[PDB]
Amino acid sequence: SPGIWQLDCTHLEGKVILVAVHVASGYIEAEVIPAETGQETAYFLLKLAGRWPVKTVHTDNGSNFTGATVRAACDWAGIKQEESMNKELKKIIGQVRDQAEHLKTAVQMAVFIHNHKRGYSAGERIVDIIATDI
Amino acid sequence: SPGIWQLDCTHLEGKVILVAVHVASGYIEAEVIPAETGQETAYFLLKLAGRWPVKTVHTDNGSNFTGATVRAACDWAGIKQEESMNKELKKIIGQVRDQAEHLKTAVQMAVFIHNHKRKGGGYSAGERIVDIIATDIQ
Ligand SMILES: Cn1nc(-c2ccc3c(c2)OCO3)cc1C(=O)O
Ligand SMILES: Cn1nc(-c2ccc3c(c2)OCO3)cc1C(=O)O
Ligand SMILES: [Cl-]
Ligand SMILES: [Cl-]
């Protein structure tokens with residue numbers, strides 16, 4: 001449970017956003033990526049796994065997961081494979097879109113808002129969950 | 001203490017790496033950025049602050065911190081601006097460099113290895129940051 005994430009893609013302004021949610025806490029990491037390719041997906045998963053203890057990722061099982069680069073990345077990082085945040089995040093992105101030149105900045109502001117919003121925030125919940133596991 | 005990070009720049013292969021260390025645990029976040037400019041620095045700080053409780057960042061106070069964009073990002077996120085690892089990290093990057101087509105990939109494998117390495121026993125930096133922050137929460 002504390003090691004379980006769900007990864008989804010969302011599309012805005014021509015670009016692709018990957019959103020990983022830590023299922024037990026609702027905490028999110030999200031990035032705008034150039035294209036929904038195996039190489040970018042692998043890179044996103046490598047970054048996530050270096051930052052938080054990722055044991056299993058639930059994905060949409062689509063084309064960007066079938067290639068050798070993504071497979072090698074999950075294997076290397078030790079990851080196994082196996083929208084109630086999403087409109088909220090879209091909404092937050094809409095709320096802040098005007099204050100940033102670039103979509104990637106608005107996405108990161110929305111991540112900040114989502115994870116900090118508060119009895120506990122998603123940021124407090126993920127730490128409490130993982131600490132409890134340790 | 002739990003909210004204190006140090007941010008430094010490292011240069012390799014013509015590119016700039018920013019490395020943020022969480023001072024009490026040794027946990028790191030690091031990225032290769034296109035140039036050491038205020039816009040990229042601000043964006044790096046926004047990202048970091050959305051993921052971990054960042055209260056204060058100790059920097060080198062250089063040119064990329066003096067501009068409007070960085071100051072507005074720190075203000076917005078509620079952040080005040082008040083060699084060892086960085087060589088071990090450089091070494092881990094060298095160790096993995098040939099397995100990565102791109103430097104950015106090697107940097108993130110080095111981040112993974114640094115944060116997960118259990119130096120005996122007996123906690124990793126990743127375990128230590130979570131333990132420190134949860135303690136503070138309670
Ligand atoms: C509500 N709140 N949430 C956080 C917060 C945000 C992100 C995190 C985290 C705590 O631990 C891991 O990642 C900080 C605050 C605060 O200082 O008020
Ligand atoms: C050594 N090790 N440390 C962790 C670990 C634990 C808690 C964390 C983290 C990494 O990053 C943020 O919070 C996971 C493992 C592992 O089982 O490989
Ligand atoms: Cl996807
Ligand atoms: Cl710097």
# chains A, B, ... in the order shown; residues from 1 in each chain; ligands from 1
>>> residues_around(residues="residue 53 of chain B", least_positions_apart="5", cutoff="12 Å", atoms="only C-alpha atoms", output="PyMOL selection string")
(chain A and resi 112+115-116+121-124+127) or (chain B and resi 1-5+22+45-48+77-79+129-130+132-134+136-137)
>>> write_last_selection(atoms="C-alpha atoms", output="mmCIF file, in the first residue's frame")
data_model
loop_
_atom_site.group_PDB
_atom_site.id
_atom_site.type_symbol
_atom_site.label_atom_id
_atom_site.label_comp_id
_atom_site.auth_asym_id
_atom_site.auth_seq_id
_atom_site.Cartn_x
_atom_site.Cartn_y
_atom_site.Cartn_z
ATOM 1 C CA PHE A 112 2.138 22.885 -5.048
ATOM 2 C CA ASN A 115 -0.128 18.950 -2.106
ATOM 3 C CA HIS A 116 -0.212 21.814 0.418
ATOM 4 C CA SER A 121 -2.525 18.023 3.491
ATOM 5 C CA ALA A 122 -1.653 15.300 0.909
ATOM 6 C CA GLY A 123 2.003 16.168 1.680
ATOM 7 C CA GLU A 124 1.519 15.519 5.395
ATOM 8 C CA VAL A 127 4.924 11.372 4.952
ATOM 9 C CA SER B 1 15.401 22.631 10.681
ATOM 10 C CA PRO B 2 13.041 20.129 8.807
ATOM 11 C CA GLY B 3 12.263 22.845 6.236
ATOM 12 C CA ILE B 4 15.899 23.759 5.449
ATOM 13 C CA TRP B 5 17.462 23.016 2.021
ATOM 14 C CA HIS B 22 17.714 18.572 2.525
ATOM 15 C CA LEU B 45 12.433 26.110 -6.682
ATOM 16 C CA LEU B 46 8.676 26.005 -7.487
ATOM 17 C CA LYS B 47 8.931 22.325 -8.264
ATOM 18 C CA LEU B 48 10.919 21.509 -5.146
ATOM 19 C CA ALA B 77 5.776 29.589 -2.439
ATOM 20 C CA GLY B 78 6.542 31.040 0.954
ATOM 21 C CA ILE B 79 10.272 30.420 0.843
ATOM 22 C CA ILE B 129 13.791 12.803 5.407
ATOM 23 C CA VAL B 130 10.438 11.108 5.899
ATOM 24 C CA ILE B 132 12.450 13.880 10.248
ATOM 25 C CA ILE B 133 9.368 15.469 8.632
ATOM 26 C CA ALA B 134 6.824 13.094 10.254
ATOM 27 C CA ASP B 136 7.914 17.509 13.028
ATOM 28 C CA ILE B 137 4.274 16.988 11.954
#
>>> interface_residues(of="chain A", to="chain B", cutoff="8 Å", atoms="only C-alpha atoms", output="compact mmCIF listing (two decimals) with N, CA and C atoms, in the first residue's frame")
# COMPACT_ATOMS: atom_id res chain seq x y z
N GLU A 29 2.84 13.92 -8.07
CA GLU A 29 3.95 14.52 -8.84
C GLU A 29 3.46 14.61 -10.24
N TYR A 43 11.73 7.99 -18.29
CA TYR A 43 12.41 9.08 -17.58
C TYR A 43 11.58 9.61 -16.38
N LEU A 46 11.62 6.91 -13.69
CA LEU A 46 12.96 6.97 -13.03
C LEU A 46 13.03 8.12 -12.04
N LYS A 47 12.55 9.30 -12.44
CA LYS A 47 12.57 10.42 -11.50
C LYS A 47 11.69 10.18 -10.31
N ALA A 49 10.74 7.37 -8.94
CA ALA A 49 11.23 6.27 -8.10
C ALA A 49 12.46 6.67 -7.30
N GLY A 50 13.18 7.65 -7.80
CA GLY A 50 14.34 8.18 -7.03
C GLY A 50 13.98 9.09 -5.87
N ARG A 51 12.70 9.52 -5.80
CA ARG A 51 12.25 10.54 -4.88
C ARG A 51 11.36 9.97 -3.76
N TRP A 52 10.65 8.88 -4.06
CA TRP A 52 9.69 8.26 -3.18
C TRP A 52 9.81 6.73 -3.39
N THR A 105 4.84 25.86 -15.94
CA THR A 105 4.87 26.60 -14.67
C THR A 105 3.53 26.49 -14.01
N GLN A 108 3.18 23.12 -12.29
CA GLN A 108 3.87 23.01 -11.01
C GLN A 108 3.27 23.84 -9.88
N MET A 109 2.70 24.99 -10.22
CA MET A 109 1.96 25.73 -9.20
C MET A 109 0.74 24.89 -8.73
N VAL A 111 0.47 21.60 -8.74
CA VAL A 111 1.03 20.55 -7.85
C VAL A 111 1.28 21.06 -6.46
N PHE A 112 1.86 22.26 -6.36
CA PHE A 112 2.14 22.89 -5.05
C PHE A 112 0.80 23.05 -4.33
N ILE A 113 -0.18 23.60 -5.02
CA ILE A 113 -1.47 23.90 -4.34
C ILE A 113 -2.13 22.61 -3.88
N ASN A 115 -0.82 19.63 -3.18
CA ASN A 115 -0.13 18.95 -2.11
C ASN A 115 -0.10 19.70 -0.75
N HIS A 116 -0.29 21.01 -0.80
CA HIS A 116 -0.21 21.81 0.42
C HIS A 116 -1.61 22.10 0.97
N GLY A 123 0.55 16.23 1.32
CA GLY A 123 2.00 16.17 1.68
C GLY A 123 2.19 15.62 3.09
N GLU A 124 1.44 16.13 4.05
CA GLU A 124 1.52 15.52 5.40
C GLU A 124 1.10 14.03 5.42
N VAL A 127 3.82 11.58 4.05
CA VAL A 127 4.92 11.37 4.95
C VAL A 127 4.48 10.51 6.15
N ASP A 128 3.30 10.80 6.69
CA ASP A 128 2.80 10.03 7.84
C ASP A 128 2.65 8.56 7.44
N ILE A 130 4.28 6.86 5.04
CA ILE A 130 5.53 6.17 4.78
C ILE A 130 6.32 5.99 6.07
N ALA A 131 6.31 7.02 6.91
CA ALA A 131 7.00 6.94 8.21
C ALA A 131 6.42 5.80 9.02
N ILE A 134 7.96 2.53 7.85
CA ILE A 134 9.34 2.39 8.34
C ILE A 134 9.44 1.94 9.81
>>> residues_near_ligand(ligand="ligand 4", cutoff="12 Å", atoms="only C-alpha atoms and all ligand atoms", output="VMD selection string")
chain B and resid 6 to 11 16 to 20 30 to 33 35 to 42 44 to 45 57 to 66 70
>>> closest_residue(among="B:26, B:94, B:34, B:67", to="ligand 2", atoms="only C-alpha atoms and all ligand atoms")
B:26
>>> closest_atom_pairs(of="chain A", to="ligand 3", cutoff="9 Å", atoms="only C-alpha atoms and all ligand atoms", output="Markdown table")
| residue | atom | partner | partner_atom_place_in_ligand_line | distance |
| --- | --- | --- | --- | --- |
| A:7 | CA | ligand 3 | 1 (Cl) | 6.5 |
| A:8 | CA | ligand 3 | 1 (Cl) | 5.0 |
| A:9 | CA | ligand 3 | 1 (Cl) | 4.4 |
| A:10 | CA | ligand 3 | 1 (Cl) | 8.0 |
| A:16 | CA | ligand 3 | 1 (Cl) | 8.9 |
| A:17 | CA | ligand 3 | 1 (Cl) | 8.7 |
| A:18 | CA | ligand 3 | 1 (Cl) | 6.5 |
| A:19 | CA | ligand 3 | 1 (Cl) | 8.6 |
| A:36 | CA | ligand 3 | 1 (Cl) | 6.7 |
| A:37 | CA | ligand 3 | 1 (Cl) | 8.6 |
| A:41 | CA | ligand 3 | 1 (Cl) | 7.3 |
| A:59 | CA | ligand 3 | 1 (Cl) | 6.7 |
| A:60 | CA | ligand 3 | 1 (Cl) | 6.2 |
| A:61 | CA | ligand 3 | 1 (Cl) | 7.7 |
| A:62 | CA | ligand 3 | 1 (Cl) | 6.7 |
| A:63 | CA | ligand 3 | 1 (Cl) | 8.3 |
| A:64 | CA | ligand 3 | 1 (Cl) | 6.7 |
| A:65 | CA | ligand 3 | 1 (Cl) | 7.7 |
>>> select_by_dssp(residues="segment 10-135 of chain B", states="strand (DSSP E or B)", output="list in words")
residues 10, 11, 12, 15, 16, 17, 18, 19, 20, 21, 22, 28, 29, 30, 31, 32, 33, 56, 57, 58 and 80 of chain B
>>> closest_residue(among="A:22, A:67, A:72, A:1", to="ligand 1", atoms="only C-alpha atoms and all ligand atoms")
A:22
>>> closest_residue(among="A:6, A:77, A:129, A:118", to="ligand 1", atoms="only C-alpha atoms and all ligand atoms")
A:118
>>> closest_residue(among="B:55, B:25, B:120, B:12", to="ligand 1", atoms="only C-alpha atoms and all ligand atoms")
B:55
>>> select_by_dssp(residues="chain A", states="alpha helix (DSSP H)", output="VMD selection string")
chain A and resid 38 to 51 68 to 77 86 to 96 103 to 116 122 to 133
>>> write_last_selection(atoms="C-alpha atoms", output="PDB file, in the first residue's frame")
ATOM      1  CA  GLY A  38       8.296   5.282 -24.073  1.00  0.00           C
ATOM      2  CA  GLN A  39      11.514   7.242 -23.519  1.00  0.00           C
ATOM      3  CA  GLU A  40       9.766  10.123 -21.697  1.00  0.00           C
ATOM      4  CA  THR A  41       7.585   7.788 -19.709  1.00  0.00           C
ATOM      5  CA  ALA A  42      10.660   5.831 -18.557  1.00  0.00           C
ATOM      6  CA  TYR A  43      12.411   9.082 -17.584  1.00  0.00           C
ATOM      7  CA  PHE A  44       9.322  10.253 -15.565  1.00  0.00           C
ATOM      8  CA  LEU A  45       9.204   6.867 -13.742  1.00  0.00           C
ATOM      9  CA  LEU A  46      12.962   6.968 -13.029  1.00  0.00           C
ATOM     10  CA  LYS A  47      12.567  10.419 -11.503  1.00  0.00           C
ATOM     11  CA  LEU A  48       9.551   9.470  -9.434  1.00  0.00           C
ATOM     12  CA  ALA A  49      11.235   6.272  -8.102  1.00  0.00           C
ATOM     13  CA  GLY A  50      14.338   8.175  -7.025  1.00  0.00           C
ATOM     14  CA  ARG A  51      12.247  10.537  -4.875  1.00  0.00           C
ATOM     15  CA  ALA A  68      12.121  -1.858 -24.057  1.00  0.00           C
ATOM     16  CA  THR A  69      13.164   1.500 -22.485  1.00  0.00           C
ATOM     17  CA  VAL A  70      10.243   1.656 -20.119  1.00  0.00           C
ATOM     18  CA  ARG A  71      10.624  -2.007 -19.220  1.00  0.00           C
ATOM     19  CA  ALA A  72      14.349  -1.643 -18.522  1.00  0.00           C
ATOM     20  CA  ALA A  73      13.638   1.474 -16.390  1.00  0.00           C
ATOM     21  CA  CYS A  74      11.060  -0.243 -14.193  1.00  0.00           C
ATOM     22  CA  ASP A  75      13.273  -3.328 -13.851  1.00  0.00           C
ATOM     23  CA  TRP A  76      16.324  -1.171 -12.931  1.00  0.00           C
ATOM     24  CA  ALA A  77      14.303   0.832 -10.344  1.00  0.00           C
ATOM     25  CA  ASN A  86      -7.938  15.201 -12.172  1.00  0.00           C
ATOM     26  CA  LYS A  87     -10.689  17.773 -12.703  1.00  0.00           C
ATOM     27  CA  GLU A  88      -9.542  19.503  -9.474  1.00  0.00           C
ATOM     28  CA  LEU A  89      -6.011  19.716 -10.915  1.00  0.00           C
ATOM     29  CA  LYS A  90      -7.378  20.948 -14.247  1.00  0.00           C
ATOM     30  CA  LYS A  91      -9.453  23.494 -12.297  1.00  0.00           C
ATOM     31  CA  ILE A  92      -6.335  24.609 -10.290  1.00  0.00           C
ATOM     32  CA  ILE A  93      -4.346  24.843 -13.556  1.00  0.00           C
ATOM     33  CA  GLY A  94      -7.198  27.051 -14.948  1.00  0.00           C
ATOM     34  CA  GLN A  95      -7.187  29.184 -11.834  1.00  0.00           C
ATOM     35  CA  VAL A  96      -3.420  29.868 -12.148  1.00  0.00           C
ATOM     36  CA  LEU A 103       1.921  25.666 -19.178  1.00  0.00           C
ATOM     37  CA  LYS A 104       4.731  23.826 -17.299  1.00  0.00           C
ATOM     38  CA  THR A 105       4.866  26.605 -14.669  1.00  0.00           C
ATOM     39  CA  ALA A 106       1.106  26.539 -14.173  1.00  0.00           C
ATOM     40  CA  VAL A 107       1.268  22.741 -13.751  1.00  0.00           C
ATOM     41  CA  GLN A 108       3.871  23.015 -11.010  1.00  0.00           C
ATOM     42  CA  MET A 109       1.957  25.729  -9.199  1.00  0.00           C
ATOM     43  CA  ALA A 110      -1.090  23.396  -9.305  1.00  0.00           C
ATOM     44  CA  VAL A 111       1.034  20.555  -7.852  1.00  0.00           C
ATOM     45  CA  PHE A 112       2.138  22.885  -5.048  1.00  0.00           C
ATOM     46  CA  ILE A 113      -1.467  23.899  -4.344  1.00  0.00           C
ATOM     47  CA  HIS A 114      -2.805  20.335  -4.443  1.00  0.00           C
ATOM     48  CA  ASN A 115      -0.128  18.950  -2.106  1.00  0.00           C
ATOM     49  CA  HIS A 116      -0.212  21.814   0.418  1.00  0.00           C
ATOM     50  CA  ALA A 122      -1.653  15.300   0.909  1.00  0.00           C
ATOM     51  CA  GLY A 123       2.003  16.168   1.680  1.00  0.00           C
ATOM     52  CA  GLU A 124       1.519  15.519   5.395  1.00  0.00           C
ATOM     53  CA  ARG A 125      -0.500  12.300   4.653  1.00  0.00           C
ATOM     54  CA  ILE A 126       2.183  10.738   2.428  1.00  0.00           C
ATOM     55  CA  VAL A 127       4.924  11.372   4.952  1.00  0.00           C
ATOM     56  CA  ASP A 128       2.796  10.033   7.837  1.00  0.00           C
ATOM     57  CA  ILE A 129       1.947   6.942   5.788  1.00  0.00           C
ATOM     58  CA  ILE A 130       5.533   6.173   4.782  1.00  0.00           C
ATOM     59  CA  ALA A 131       6.998   6.942   8.211  1.00  0.00           C
ATOM     60  CA  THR A 132       4.420   4.601   9.746  1.00  0.00           C
ATOM     61  CA  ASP A 133       5.648   1.853   7.346  1.00  0.00           C
TER      62      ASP A 133
END
>>> closest_residue(among="A:119, A:78, A:53, A:34", to="ligand 2", atoms="only C-alpha atoms and all ligand atoms")
A:53
>>> closest_residue(among="B:87, B:56, B:15, B:81", to="ligand 1", atoms="only C-alpha atoms and all ligand atoms")
B:56
>>> decode(residues="segment 81-113 of chain B", atoms="C-alpha atoms", output="compact mmCIF listing (two decimals), in the first residue's frame")
# COMPACT_ATOMS: atom_id res chain seq x y z
CA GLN B 81 16.36 32.95 1.20
CA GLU B 82 18.61 32.92 4.24
CA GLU B 83 31.22 19.54 -2.26
CA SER B 84 30.97 16.39 -0.13
CA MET B 85 27.70 14.93 -1.49
CA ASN B 86 28.34 16.88 -4.71
CA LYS B 87 31.51 14.80 -5.34
CA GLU B 88 29.91 11.44 -4.37
CA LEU B 89 27.06 12.40 -6.69
CA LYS B 90 29.55 13.29 -9.44
CA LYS B 91 31.14 9.85 -8.89
CA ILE B 92 27.75 8.00 -9.03
CA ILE B 93 27.01 9.87 -12.30
CA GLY B 94 30.40 8.64 -13.71
CA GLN B 95 29.62 5.11 -12.59
CA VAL B 96 26.29 5.17 -14.49
CA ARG B 97 27.14 7.54 -17.34
CA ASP B 98 27.60 4.86 -20.06
CA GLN B 99 24.25 3.28 -19.35
CA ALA B 100 22.50 6.48 -20.23
CA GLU B 101 22.27 8.01 -23.63
CA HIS B 102 21.65 11.44 -22.00
CA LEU B 103 23.24 13.20 -19.04
CA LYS B 104 19.76 13.98 -17.58
CA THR B 105 19.11 10.21 -17.29
CA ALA B 106 22.39 9.53 -15.58
CA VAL B 107 21.66 12.38 -13.13
CA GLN B 108 18.35 10.88 -12.14
CA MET B 109 19.76 7.36 -11.72
CA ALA B 110 22.40 8.99 -9.42
CA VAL B 111 19.59 10.70 -7.51
CA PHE B 112 17.81 7.33 -7.13
CA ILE B 113 21.01 5.63 -5.92
